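This document starts with one chain, in the form deposited in one PDB entry, laid out as structure tokens.
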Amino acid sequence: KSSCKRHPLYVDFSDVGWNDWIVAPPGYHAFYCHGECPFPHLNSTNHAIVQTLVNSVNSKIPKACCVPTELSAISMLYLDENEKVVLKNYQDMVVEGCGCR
């Protein structure tokens, strides 16, 4: 079973039907997090350390989850009512790092 890490993901806005409002870009590299948070190095909270230790003693309690722990912004173009271009910075759009939470 593969452990917690980032994985590539290109988001094509036309595939998600967001090309009806996003003038630019046509998509972007968002990435995603995936993998096991095993008992035996990863970025984790004290809670994630505890839940992981509890899980190693009782399986009915799930392991910590592999989620984005460092994200970055992107800028996109849309149109206002007047068909004028508006630039906006969307926060936490790209995964820079994964961790167990």
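Residue positions are given as counts along the sequence shown, with the first one as 1. What we label the rigid core is the largest C-alpha set whose atoms superpose within 1.5 Å from one form to the other. Shifts are known only where both forms have a C-alpha.
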item	value
25-33 or 53-61, whichever carries the higher mean Cα B-factor	53-61
Of the residues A73, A48, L42, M76, the one carrying the largest Cα B-factor as recorded	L42
CA B-factor placement of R101, once the chain's modelled residues are sorted into thirds	lowest
Third of the chain, ranked by Cα B-factor, where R6 sits	lowest
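Omitted here: the form deposited in another entry. The next part is about that form.
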property: Threshold 2 Å Cα movement between this form and the one not shown at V85, rigid core reference; result: yes
property: Taking the rigid core as reference, consecutive runs of 3 or more residues that move 2 angstroms or more in Cα between this form and the one not shown; result: 79-86
